[PDB]
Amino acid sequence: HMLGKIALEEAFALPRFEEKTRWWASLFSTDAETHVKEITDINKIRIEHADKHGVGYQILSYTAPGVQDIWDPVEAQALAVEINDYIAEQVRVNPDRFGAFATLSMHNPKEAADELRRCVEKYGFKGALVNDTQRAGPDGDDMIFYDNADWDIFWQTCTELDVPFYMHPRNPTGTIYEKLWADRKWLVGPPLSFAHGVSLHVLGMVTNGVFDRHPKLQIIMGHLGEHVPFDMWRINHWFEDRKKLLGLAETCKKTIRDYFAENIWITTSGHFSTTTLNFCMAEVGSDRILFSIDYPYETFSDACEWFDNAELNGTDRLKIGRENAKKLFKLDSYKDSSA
């Protein structure tokens, strides 16, 4: 029904990582062979799905856990460069159907900034997509978070290039996995652990002043915001009426509602619920919500049959389906972009 939709939590993997791809698919797919074919394909199967379901344009990104799983910084940086080079070449086949997010090693802020700059300047990438914290340390058991002053040089690069950063989840690993998840392993991923990671990281950016030092920074969360809109009232209450009387205001200058109006976006990836969408329109606003799919972990059919048929006023179907993203990513014409 609606044509020219934009999706932007849409993953690919390098052909040479088939064994890693099959392992991940053994956790999160019920048809691993199709999953492998679909996550590797760019220009045939993905285009067929999009043509069947009114998706004009997709911004592609590297699969989780991706480069954030790599704790050797030399190996991680080389892989990020190789991935960005590769997808830049694949999207040349269909530039009116595909863009790309930068894939980054996040071991070092300046290095990440320089690779993001190369991606935007050399290839016209639309932003960065990063799978939560960067694994680091001896067995990759440490975690690099980006909500501190060391990362100001990276966030300033984001706003100077004026591109958003998509904070995608990754799986729990090492000590955190063994202590919290190994004994309830079915909760790993979309059921719970993914949202716990992303919400921690983004609310860390909030409470550590990232959006105060970088008020134009745009951060995107999938899965209708990784629980955060559910607690909008409760977070705001415990910030404004409690923690900001105790020290939080020193590093957090606006309300959580301000940051959702000015800095934070949510997408519909993997959360095809009109009831939850309506609640998010109340708590976050339709201007800040973007359609997305989470392919190939989710199907085009599921996401698009939901969104195309959901009961929704026409103004917001148009905005969430494509017009919000057209403005955010400064998109020129693409297939059915005005249909």
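Start at 1 with the first residue shown and count on from there.
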According to the deposited model, is the average Cα temperature factor higher in 78 to 86 or in 220 to 228?
78 to 86
Assert higher mean C-alpha B factor (184 to 192 or 146 to 154, deposited values) equals 146 to 154
By the entry's C-alpha temperature factors, tell me which of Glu283, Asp302, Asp31, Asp294 sits highest.
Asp31
Residue, from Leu60, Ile47, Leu277, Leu290, that the PDB entry assigns the highest Cα B-factor
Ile47
Lowest, middle or highest third of the chain for the C-alpha temperature factor of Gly270?
lowest
Among the modelled residues of this chain, does the Cα B factor of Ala310 put it in the lowest, middle or highest third?
highest
How does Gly66 rank on Cα B-factor within its chain, lowest, middle or highest third?
lowest
Would you mind ranking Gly197 by its C-alpha B-factor against the rest of the chain and naming the third, lowest, middle or highest?
lowest
Modelled-residue ranking by C-alpha temperature factor, third containing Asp212
middle
